[PDB]
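Examining the three-dimensional arrangement
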Amino acid sequence: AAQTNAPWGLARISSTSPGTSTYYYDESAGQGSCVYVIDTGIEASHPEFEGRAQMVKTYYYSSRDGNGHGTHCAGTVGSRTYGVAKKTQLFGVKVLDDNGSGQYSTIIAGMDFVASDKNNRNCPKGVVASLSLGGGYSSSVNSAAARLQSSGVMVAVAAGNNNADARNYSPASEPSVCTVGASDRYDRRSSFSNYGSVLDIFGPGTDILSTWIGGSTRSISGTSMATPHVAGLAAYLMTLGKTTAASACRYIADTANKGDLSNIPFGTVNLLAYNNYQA
Ligand SMILES: [Ca+2]
Ligand SMILES: [Ca+2]
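Overview of the side chain of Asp 187
Take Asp 187: it is sitting in the loop between β10 (178-183) and β11 (201-204). Residue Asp 187 is classed as buried on the basis of its relative accessible area of 3%. What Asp 187 contacts, discounting residues up to four positions off in sequence, is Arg 12, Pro 18, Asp 260, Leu 261, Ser 262 and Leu 272.

Section: the coordination of the calcium ion (ligand 2)
Here the calcium ion (ligand 2) is held by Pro 175 (O), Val 177 (O), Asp 200 (OD) and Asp 200 (OD), and the distances to it run 2.4 to 2.7 Å. Donor residues binding the calcium ion (ligand 2) come from one chain and are separated in sequence as P-x1-V-x22-D. Of this pair, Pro 175 sits in the loop between β9 (169-170) and β10 while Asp 200 sits in the loop between β10 and β11, and the two are 25 residues apart along the sequence.

Some details on the nonpolar core
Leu 90, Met 154, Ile 201, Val 230 and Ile 252 are the most contacted members of the largest nonpolar core, which totals 45 residues. The set of elements that each furnish at least two residues to this core consists of α1 (8-13), β3 (33-39), α2 (69-78), β8 (153-158), β10, α5 (223-239) and α6 (248-255). It is α5 that contributes the most residues to this core, 10 residues altogether. Once residues within four sequence positions are removed from consideration, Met 154 is found in contact with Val 127, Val 128, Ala 129, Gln 149, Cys 178, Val 230, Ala 234, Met 238, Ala 245, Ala 248, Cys 249 and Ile 252. Counting residues in hydrophobic clusters, the runner-up holds 27 residues, among them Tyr 36, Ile 38, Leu 133 and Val 157.

Concerning the state of the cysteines
Counted by the stated rule, this structure contains two disulfides. Disulfide pairing places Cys 34 opposite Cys 123 at an S-S distance of 2.0 Å. Looking down the S-S bond of the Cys 34 and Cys 123 bridge, the torsion is -95°, so its handedness is left-handed. Of this pair, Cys 34 sits in strand β3 while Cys 123 sits in the loop between α3 (104-117) and β6 (126-131); the two residues are 89 residues apart in sequence, bridging distant segments of the chain.

Brief notes about the coordination of the calcium ion (ligand 1)
Ideal values for angles at a metal depend on the geometry: 109.5 degrees with four tetrahedral donors, 90 or 180 degrees with six octahedral donors. For the calcium ion (ligand 1), the full set of protein donor atoms is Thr 16 (O), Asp 260 (OD) and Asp 260 (OD), at a range of 2.6 to 2.7 Å. Here the residue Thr 16 occupies a position in the loop between α1 and β2 (23-24), and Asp 260 occupies one in the loop between β14 (257-258) and β15 (271-272), the gap between them amounting to 244 residues.

Section: the UniProt feature "binding site: Ca(2+) 2" in the chain
According to UniProt, the positions carrying the feature "binding site: Ca(2+) 2" are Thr 16 and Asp 260. A maximum C-alpha distance of 8.8 Å among these annotated residues, which run over 245 residues, shows that they cluster at one spot. Residues contacting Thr 16, with those up to four places away along its chain left out, are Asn 257, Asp 260 and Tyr 274. If sequence neighbours within four positions are ignored, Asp 260 has contacts with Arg 12, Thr 16, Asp 187 and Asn 270.

Here's the deal with unusual backbone geometry
What you tend to see is this: most non-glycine residues have negative phi, and most peptide bonds are trans. Cis geometry is found at the peptide bond from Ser 170 to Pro 171, where omega equals 15°. Here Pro 171 shows up in the loop between β9 and β10. Even without being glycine, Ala 29 reaches a positive phi, approximately 55°. Relative to the elements of secondary structure, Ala 29 occurs in the loop between β2 and β3. With a relative accessible area of 1%, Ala 29 lands in the buried category.

What counts, and at which threshold
Residues numbered from 1 in each chain as written, not as in the entry; some residues may be left out. Chains lettered and ligands numbered in written order. Heavy atoms only, no water. Helix = DSSP H or I, 4+ residues; strand = E, 2+ residues; numbered from the N terminus. Buried < 20%, exposed > 50% of the residue type's maximum accessible area, 1.4 Å probe, protein only. Contact = heavy atoms within 4.5 Å. Donors = N, O, S within 2.8 Å, 3.2 Å for Na, K, Ca; no water. Core = buried A, V, L, I, M, F, W, Y, C linked by side-chain atoms within 4.5 Å. Disulfide = S-S within 2.5 Å. UniProt positions renumbered as here; feature names shortened; annotations may be inferred.

Here is the structure:
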């Protein structure tokens, strides 16, 4: 399948070079996989989700995404126009408030919720969790992310936007999950992206167009935008049978575009998520 005039990040995921505009991908499109977006919620009614999104848990007064961030991230995972895995099932877990903030106890509870809830959902091709969030180092947050991964979920987490070593941020610093840095359309490390030995992969994160609340769209930037490209890629590859929740991060690193990015500090991977789609 081919999507012409796609958002640059989707085109980048399916190319060995920057500057292309078509997103090439297998038509299976993540069908049969499930991605939990642990964030501010998901506006499931957005036409771009096509009935494939639903809220399954909220830690706040409402399940509504009153911010937009979670809807944007969910759109990069799996919306029709803006998503990597255009036929996946999306599940929203609202651990962040409508200002985009959340206590670590709540974020932890949301991870534990997913580890359990997935046993009640039909996800034959596997389960992914996308965590476009984090703050300072916390062993408890890292342990929660490690538990979620160990339970059989492909966990993708943002590296953080501090232009610093991700070792000091959580859940970014948990080694066992897939820690995602951000790049721009010219294959530079995004200005704000964290780096360091704990990063597993980079994905598109600067100027990413996706869904927003009120049935709208907008472009924003962050390691929060890179993360769902990797989560969606994992779901897509799991549907194709190429990898599993336990092995997807490693598989994505194995098959990434290597050495393409600039301003990568020595000791940080120079690996950019790539679907290796061959029509
Ligand atoms: Ca290249
Ligand atoms: Ca890792």
